Amino acid sequence: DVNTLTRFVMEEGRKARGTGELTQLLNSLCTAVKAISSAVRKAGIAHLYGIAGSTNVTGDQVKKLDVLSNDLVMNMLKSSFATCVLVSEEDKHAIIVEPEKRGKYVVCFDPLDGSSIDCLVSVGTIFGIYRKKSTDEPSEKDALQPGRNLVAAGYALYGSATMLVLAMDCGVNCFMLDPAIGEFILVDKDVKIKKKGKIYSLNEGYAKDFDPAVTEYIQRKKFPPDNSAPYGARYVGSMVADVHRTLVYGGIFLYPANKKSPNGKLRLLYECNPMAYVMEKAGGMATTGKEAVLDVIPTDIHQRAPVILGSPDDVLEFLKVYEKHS
Amino acid sequence: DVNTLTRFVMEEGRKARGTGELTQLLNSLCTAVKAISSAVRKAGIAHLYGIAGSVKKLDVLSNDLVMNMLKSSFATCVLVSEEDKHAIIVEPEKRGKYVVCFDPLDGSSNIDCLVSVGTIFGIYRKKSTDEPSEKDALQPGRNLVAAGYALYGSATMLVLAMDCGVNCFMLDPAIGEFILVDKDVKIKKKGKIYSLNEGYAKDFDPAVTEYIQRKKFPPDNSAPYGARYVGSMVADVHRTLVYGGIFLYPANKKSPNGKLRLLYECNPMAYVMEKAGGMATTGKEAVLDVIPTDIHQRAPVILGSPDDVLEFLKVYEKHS
Amino acid sequence: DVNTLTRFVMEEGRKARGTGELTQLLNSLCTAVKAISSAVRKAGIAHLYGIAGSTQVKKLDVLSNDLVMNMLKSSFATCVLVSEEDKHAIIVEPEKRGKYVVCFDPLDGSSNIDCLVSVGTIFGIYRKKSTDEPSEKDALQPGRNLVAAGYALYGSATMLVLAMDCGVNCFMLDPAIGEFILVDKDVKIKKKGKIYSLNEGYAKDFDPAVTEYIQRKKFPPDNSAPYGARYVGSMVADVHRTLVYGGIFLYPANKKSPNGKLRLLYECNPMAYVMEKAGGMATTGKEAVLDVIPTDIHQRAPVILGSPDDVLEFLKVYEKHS
Amino acid sequence: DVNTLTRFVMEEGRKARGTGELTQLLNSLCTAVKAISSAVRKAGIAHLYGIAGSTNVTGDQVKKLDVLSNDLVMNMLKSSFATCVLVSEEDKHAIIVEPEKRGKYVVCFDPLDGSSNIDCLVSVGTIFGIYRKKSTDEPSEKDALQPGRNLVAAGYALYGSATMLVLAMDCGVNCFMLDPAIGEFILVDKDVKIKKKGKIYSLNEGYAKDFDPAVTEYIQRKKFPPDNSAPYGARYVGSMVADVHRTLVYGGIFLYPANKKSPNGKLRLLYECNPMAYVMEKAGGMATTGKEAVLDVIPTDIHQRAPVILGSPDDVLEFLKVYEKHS
Ligand SMILES: Nc1ncnc2c1ncn2[C@@H]1O[C@H](COP(=O)(O)O)[C@@H](O)[C@H]1O
Ligand SMILES: Nc1ncnc2c1ncn2[C@@H]1O[C@H](COP(=O)(O)O)[C@@H](O)[C@H]1O
Ligand SMILES: Nc1ncnc2c1ncn2[C@@H]1O[C@H](COP(=O)(O)O)[C@@H](O)[C@H]1O
Ligand SMILES: Nc1ncnc2c1ncn2[C@@H]1O[C@H](COP(=O)(O)O)[C@@H](O)[C@H]1O
Ligand SMILES: O=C1NS(=O)(=O)c2ccccc21
Ligand SMILES: *C(=O)NCc1ccccc1
Ligand SMILES: [Mg+2]
Ligand SMILES: [Mg+2]
């Protein structure tokens with residue numbers, strides 16, 4: 001039987017005996033993602049270039065895509081009546097939802113990662129959903145939960161086609177956007193990552209600054225000590241694209257710490273934790289080098305975290321090299 | 001003033017005082033590219049998954065779209081594709097003067113991960129009075145009349161290079177129209193990104209090894225280059241065009257003549273690069289100067305910003 | 001606040017404190033309608049005409065039927081499905097059965113989709129009332145028993161009109177994102193209109209009451225302004241115009257269609273329910289459409305519907321000739 | 001072989017041994033039509049209703065869509081470098097193209113009929129007629145005052161259940177269906193011809209009190225055939241493109257005739273009656289005012305009205321028989 005994201009989410013909510021609040025949140029997020037996808041694929045770009053003359057360009061049309069994407073996710077989540085605290089890459093402080101529209105969920109999101117997009121590189125939206133735990137008035141503190149508290153997480157990849165990957169307790173499920181009908185179609189159910197892959201993914205241009213454990217691990221991939229075939233290298237430079245390839249083909253993805261960047265580069269709350277949760281729910285791993293990403297207790301909603309994630313055998317091999325150097 | 005691919009191509013054809021044949025070729029290719037884009041973005045995938053209660057692989061469909069649209073243009077006589085072992089000879093009633101070599105959906109082995117994919121094309125005019133044959137496609141890239149690619153990335157863009165320069169068109173899917181968004185584009189003199197599969201490090205020639213070491217540990221103490229390698233040639237080359245820098249697919253052990261195909265991968269990208277003021281070399285000569293003997297022959301390629309390719313060549317010359 | 005059909009339907013179901021089954025039905029129907037719209041607008045027609053190499057209205061009607069049927073069966077919310085396209089009622093397989101009975105016209109192309117003007121989808125949703133094994137009899141409920149009804153118009157744009165106890169709401173399909181956007185809330189029809197809609201080619205076969213009523217629209221006895229006439233010949237188009245601008249739509253029995261021409265279960269009853277929920281009226285002449293007790297799933301009915309003042313005026317003419 | 005409007009127009013221009021100017025005009029018009037269709041189908045309406053936190057449902061969306069459609073046709077035609085004078089239903093005066101962008105052609109068009117048609121959700125359309133400038137005078141409204149017999153090309157786009165473009169030239173009438181998945185008009189009906197006699201009549205019978213006696217009698221004969229043949233069916237959308245296209249596809253007759261209160265009819269000669277009359281005649285149909293062929297009227301005002309009765313030739317000739325009976 002065909003399944004859509006809308007029907008799938010509704011049915012999981014029925015099975016969970018929920019009140020429909022999380023379902024409304026996810027519905028609203030799915031709608032935002034479809035609107036982001038349409039914009040990313042440059043629908044209406046002819047108006048920006050004067051097809052109707054100079055007087056027919058709107059206000060949305062002229063915003064940069066990462067601004068529009070933030071506006072779309074913020075507005076759709078607020079209007080779901082399911083959220084109380086919203087954390088976005090865009091805004092320094094957590095957004096506290098107006099009291100009339102408050103639900104119990106806290107959403108951390110990256111509205112359009114990779115947009116730094118002029119080369120038409122894949123870009124994506126990343127999200128993580130928590131339940132508020134405090135009895136207090138909602139505040140930024142409610143977003144400072146470890147990733148192991150996540151209720152749902154995932155990403156939309158605007159690549160050759162648009163796909164939403166959604167991870168919950170039931171596992172990881174992949175939905176392809178059919179732009180003819182604006183429906184996400186379930187195409188890969190309960191997906192699991194390979195135990196070990198053959199691809200490694202990191203920016204090797206910064207080799208001069210590598211931690212010695214990273215240097216050694218990468219040397220093992222290119223010159224395997226057991227004379228096995230060297231790993232192939234892929235690095236899109238857009239995390240959603242690199243992580244999704246890691247999920248589908250297996251292997252390892254690294255944005256590790258070093259001496260100049262002791263806490264890595266990627267953002268814990270809305271980049272590392274959602275991807276770590278997807279990976280763990282698919283039978284993979286995600287580590288900072290010293291602990292699981294999902295076990296870090298944040299103190300700052302924009303704090304950075306190192307991340308090495310992917311196939312468990314590959315992450316484990318990295319950790320062995322890391323422990324040798326520690 | 002707004003401009004479309006259709007209007008732009010038509011006007012350049014009028015300026016050229018042509019007969020309209022190459023214009024019909026380019027219109028037909030534009031239509032094929034829009035149809036490939038639609039399929040790549042998975043329009044209609046709901047029907048494959050049973051929405052109505054119960055299709056070709058994308059690279060096969062893409063080949064069929066380019067082949068059929070080019071044949072029905074009445075502008076072509078020899079068609080070379082990655083998909084077909086032998087050149088396709090157009091039937092007499094539909095024959096025009098142009099030879100087209102193309103890659104209908106480059107990067108599709110990894111399509112499963114939704115990596116950017118693309119279509120690559122190069123167009124030659126047939127020289128002979130002879131009956132068309134596979135040998136008519138054995139021309140050096142210097143003889144190209146037009147070349148370019150369509151990148152199906154975050155958005156779909158067609159890059160078209162001709163004598164008049166390089167022009168970039170964005171597909172607006174709301175109206176199915178390619179809109180001219182970057183005119184007479186030129187690549188940066190020197191970039192800050194290098195692009196190659198470093199998994200082959202063990203098999204690299206010493207010149208490639210040394211060049212990459214220069215990017216990571218610059219001898220003038222400039223900042224190291226960043227690395228990007230999508231693993232789909234159209235994506236990596238387009239990034240090279242837009243941001244500058246260098247792209248390499250040199251020879252290794254599984255590929256001792258390089259991996260990429262001269263006629264429908266290397267030559268079109270080399271032509272785009274040279275028309276944008278960039279460079280494209282095999283190491284020993286310009287890609288566009290290689291005289292092919294096999295329509296599927298491979299070639300090494302190092303291309304991109306001229307100062308970066310020249311820096312590679314300086315290292316290459318030290319080792320040869 | 002922007003509102004979508006998906007969000008709207010979900011919230012009404014939360015307020016209803018239902019189990020989510022009717023919500024799943026409506027979500028599945030909304031998806032089917034978006035798929036019909038895409039096909040009606042001829043997405044992919046280039047492939048039918050050979051764009052990739054060598055290697056129809058009825059077929060679009062069949063495809064639309066297949067889309068509604070499959071989306072409804074796979075909803076697990078339905079047990080009996082009556083379609084204009086199928087001679088017999090479809091009984092949902094035991095493992096996929098839910099509580100609801102749906103009568104629908106998936107598309108009205110066979111007729112004039114060759115002129116391209118307008119086609120539409122009409123639906124009416126009932127709860128199964130009997131505890132017997134599911135059969136065509138479960139679709140033989142009076143329209144008064146409807147839980148939800150409505151239509152999609154595939155016109156200059158695609159609009160879905162959904163009527164329930166909460167009233168009538170209109171949603172516009174934004175094809176850029178595949179979302180039905182709420183654009184007209186709790187719609188009510190004008191108490192009196194200035195347009196009449198019927199096929200006057202049947203003039204020779206009209207009964208005297210219809211003849212007199214139409215004469216009053218062209219030659220008002222109070223010498224007020226004559227009504228304008230419009231007639232597309234597609235029920236969704238003609239009824240939607242009646243809802244939006246007011247007036248009256250007639251498809252009466254004539255001498256050659258003595259029981260009427262339109263079909264009660266999936267044309268007259270859904271449109272009668274939309275009209276009544278919007279403050280309008282829908283009569284056969286003898287009784288409210290929604291009060292007719294059907295005996296046969298494809299039976300026909302006369303229908304006169306629209307603004308209440310106009311339908312009441314027709315009914316006074318009708319009683320005069322009674 | 002598959003054929004697209006782009007390929008078809010280009011090849012007809014090659015056969016004509018033209019300079020490519022009319023081809024560029026037609027390419028530009030096809031692009032405008034695709035853009036109108038996208039807006040008509042309400043792509044992006046979610047943004048108008050606040051999906052990104054900004055609403056703007058102000059004024060009349062129907063009027064704004066007519067104006068946007070005018071802006072699309074105007075700008076695409078101006079930038080074609082193929083036109084010199086542009087007459088639009090939406091503009092009081094003829095638009096004179098700036099000198100640097102002037103080509104040879106004069107275009108009369110109705111860009112959209114949303115505001116004039118109560119059935120705007122049912123169907124809207126674009127109508128166009130293309131002339132060659134006939135004098136070397138500085139361009140002016142007078143360049144658009146040519147009889148329809150002078151048309152080089154004419155046609156319409158119907159934004160109905162699907163979007164179709166109908167293009168008439170000397171080679172005949174050809175019908176193209178827009179495939180929105182790829183933005184391509186696919187040739188689906190070649191060299192089309194109207195039936196000699198139809199079975200449908202189309203007019204607003206709400207005007208019956210004001211009808212000319214000949215119109216009253218003719219319609220009476222369609223409903224009560226003197227020979228007891230089957231009565232005609234009636235259809236009237238109230239959008240000219242929809243009603244005329246049905247007449248082309250199924251045959252029959254469409255009437256917007258003159259009467260004592262409207263002695264020149266209601267529809268406009270330059271961008272409604274003449275393009276439709278040209279499509280009809282190229283399809284083997286007829287188009288009369290009652291007194292002469294629509295295409296032979298020499299206009300004196302760019303917005304002047306003309307009566308029109310068009311469609312299958314046996315039906316139009318029968319109307320003229322009844323019209324003559326009352327003259
Ligand atoms: N659509 C859904 N999919 C999966 N789990 C859900 C869904 N809806 C609710 N739940 C679970 O039930 C809890 C309560 O739901 P709610 O009452 O909607 O906040 C959530 O926090 C989830 O653990
Ligand atoms: N649309 C066009 N754009 C650029 N150059 C063209 C075009 N059409 C023709 N030419 C040039 O004119 C030559 C002859 O054109 P043709 O007669 O169409 O084969 C081509 O090989 C090109 O060198
Ligand atoms: N989405 C909805 N919108 C309006 N009413 C609903 C909805 N869902 C359920 N209801 C009402 O609640 C009843 C029971 O719903 P269910 O348990 O889903 O069959 C329905 O028959 C309706 O009367
Ligand atoms: N694409 C075309 N289709 C049909 N006829 C054309 C076309 N292009 C040019 N013609 C004919 O040739 C004449 C001169 O064309 P042009 O030089 O483009 O103004 C036109 O006025 C038409 O009669
Ligand atoms: O695809 C089509 N659907 S349609 O019946 O309106 C039609 C009419 C004519 C040519 C093609 C087509
Ligand atoms: C305008 O585009 N739509 C309003 C309308 C028109 C006809 C019937 C119903 C609604
Ligand atoms: Mg039907
Ligand atoms: Mg108008």
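When a ligand or atom number is given, it counts from 1 through the structure's own listing order. Numbered from 1 within each chain, the chains take letters A, B, ... in sequence-line order.
- C/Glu84 has its closest N, O or S atom to the Mg ion (ligand 7) at the position named OE1.
- In this structure a side-chain-to-backbone donor-acceptor pair under 3.5 Å is missing from C/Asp108 to C/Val119.
- Residue C/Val147 touches ligand 3 through its side chain alone, judged by heavy-atom distances below 4.0 Å.
- The nearest N, O or S atom of C/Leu107 is closer to the Mg ion (ligand 7) than 2.8 Å.
- Residue-environment remark: NZ (C/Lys137) stays at or below the threshold of 12 foreign heavy atoms within 6.0 Å.
- Close N/O approach between A/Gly13 and ligand 1 is found [any backbone or side-chain N/O within under 3.5 Å].
- For a threshold of 3.5 Å applied to N or O pairs, the pair formed by C/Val9 and ligand 3 contains at least one separation below that value.
- Interface atoms of ligand 1 facing A/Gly18, defined by a heavy-atom separation under 4.0 Å, are 15 (O), 17 (O).
- Applying the 6.0 Å contact sphere to NZ of C/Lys129 captures no more than 12 heavy atoms from other residues, nucleotides or ligands.
- Distances from atom 12 (O) of ligand 1 to the heavy atoms of A/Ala16, A/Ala82, A/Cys170 show the closest one on A/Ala16.
- The nearest heavy-atom contact from the protein to atom 19 (O) of ligand 3 is C/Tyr100 OH, 2.5 Å.
- Residue contacts with ligand 1, taken as heavy atom pairs separated by less than 4.0 Å, involve A/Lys104 solely via side-chain atoms from C-beta onward.
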Would you sort out whether C/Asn65 and C/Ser83 count as a side chain to side chain donor-acceptor pair (under 3.5 Å), showing the intermediate values? CA-CA 7 Å; C/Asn65 195 49; C/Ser83 165; 2.7 Å; yes

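- For A/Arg17, no heavy-atom contact with ligand 1 is shorter than 4.0 Å.
- In this structure a side-chain-to-backbone donor-acceptor pair under 3.5 Å is present from C/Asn169 to C/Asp186.
- Shown in contact with C/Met164 at under 4.0 Å from a heavy atom are these atoms of ligand 3, numbered in order with element: 3 (N), 4 (C).
- For C/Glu85, the N, O or S atom closest to the Mg ion (ligand 7) goes by the atom name OE2.
- Selection from A/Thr19, A/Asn27, A/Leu22 by nearest heavy atom to atom 22 (C) of ligand 1 gives A/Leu22.
- Within 6.0 Å of the NZ atom in C/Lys59, the count of heavy atoms belonging to other residues, nucleotides or ligands does not exceed 12.
- Each of C/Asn199, C/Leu250, C/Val232, C/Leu198 was scored for a side chain to side chain contact (heavy atoms under 4.5 Å, CB included) with C/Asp238, with one residue passing: C/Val232.
- Listed by number with element, the atoms of ligand 1 under 4.0 Å from a non-hydrogen atom of A/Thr23 are 1 (N), 8 (N).
- Closest to the Mg ion (ligand 7) among the N, O or S atoms of C/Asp105 is OD1.
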Would C/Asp165 and C/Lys277 count as a salt bridge (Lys or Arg N to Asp or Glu O under 4.0 Å) if you check the C-alpha gap in whole Å, the side-chain angles of each, and the deciding distance to 0.1 Å? CA-CA 7 Å; C/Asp165 216 63; C/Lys277 291 302 184 187; 3.1 Å; yes

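- Taking every non-hydrogen atom of C/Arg127 and a distance limit under 4.0 Å, the qualifying atoms of ligand 3 come out as 21 (O).
- Across the listed options A/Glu21, A/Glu12, A/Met10, A/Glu11, A/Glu12 owns the non-hydrogen atom lying nearest to atom 3 (N) of ligand 1.
- Judged purely by atom type and a 3.5 angstrom limit, C/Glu136 has no side-chain atom pairing as donor or acceptor with the backbone of C/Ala89.
- The aromatic rings of C/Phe249 and C/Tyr231 sit parallel to each other, their planes meeting at less than 30°, with 60° as the upper class boundary.
- The contact set between ligand 1 and A/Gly20, taken as ligand atoms under 4.0 Å from a residue heavy atom, comprises 18 (O).
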So A/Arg7 and A/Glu183, side-chain contact (heavy atoms from CB on, under 4.5 Å) or not? Walk me through it. CA-CA 10 Å; A/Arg7 195 144 73 180; A/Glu183 287 287 343; over 6 Å; no

